[PDB]
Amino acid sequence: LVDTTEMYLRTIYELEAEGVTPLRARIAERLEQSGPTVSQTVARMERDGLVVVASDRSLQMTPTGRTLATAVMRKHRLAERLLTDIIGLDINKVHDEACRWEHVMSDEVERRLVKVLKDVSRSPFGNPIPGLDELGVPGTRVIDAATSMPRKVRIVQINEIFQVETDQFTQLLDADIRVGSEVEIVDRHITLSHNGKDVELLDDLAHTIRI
């Protein structure tokens, strides 16, 4: 949904990308927000650890704020591609519309757009689409990547290098569950099935394996 923080972060991202210094006055102007409101909002973002105001007053996005800012521009640009390539909305309206959509488009839709769209390297306005690497178009912890629904998936990593107990190593081996192997998953404990065999994992494995 629509976020002010997300709006400030994408503004800083833009200026930076344009080659303009992230000053509170340029942001305020771009955002069409008063000066006092921006320092008010920026003071909040600092406390959240999303931005830090440097000596020269310019705003430096922390790694966390930079990641968020980048997902917003990716969503934003992926949206524009959707609006021009498929929907066919008037090119003069595509940016305005995408400015709102960037706050409501989920990562799952982005991934789909990456599959559906012919080319995702640039927005219709000549700018590159950032964060695609991070979008995932390594993986997700089985614990937080599986639900009561026995969805399929693919092994990106097992992470047996970080395992202390190795008793289920052969289990995975028997059930032919390796890296790059599509497998099912249901969180009811985590039991990733494959090769017709179910594997009810232990805390640790569920924490390290990425699907």
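Don't overthink the numbering: it's just position in the shown sequence, from 1.
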In the entry, residues of the deposited sequence missing between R188 and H189 amount to 1 to 3
Gap between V137 and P138, counted in deposited residues with no coordinates, falls in the class 4 to 9
Once average C-alpha B-factors are taken from the entry for 70-78 and 115-123, the winner is 115-123
Assert higher mean C-alpha B factor (90-98 or 127-135, deposited values) equals 127-135
Reading the B-factor column for Cα atoms of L9, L15, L192, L23, the highest value belongs to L192
The residue of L50, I27, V53, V183 with the maximal C-alpha B-factor according to the PDB record is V183
So, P150's CA B-factor, relative to its chain, sits in which third? The highest
By the entry's values, the third containing the CA B factor of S39 is the middle
Temperature factor at the Cα of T62, chain-ranked in thirds, falls in the lowest
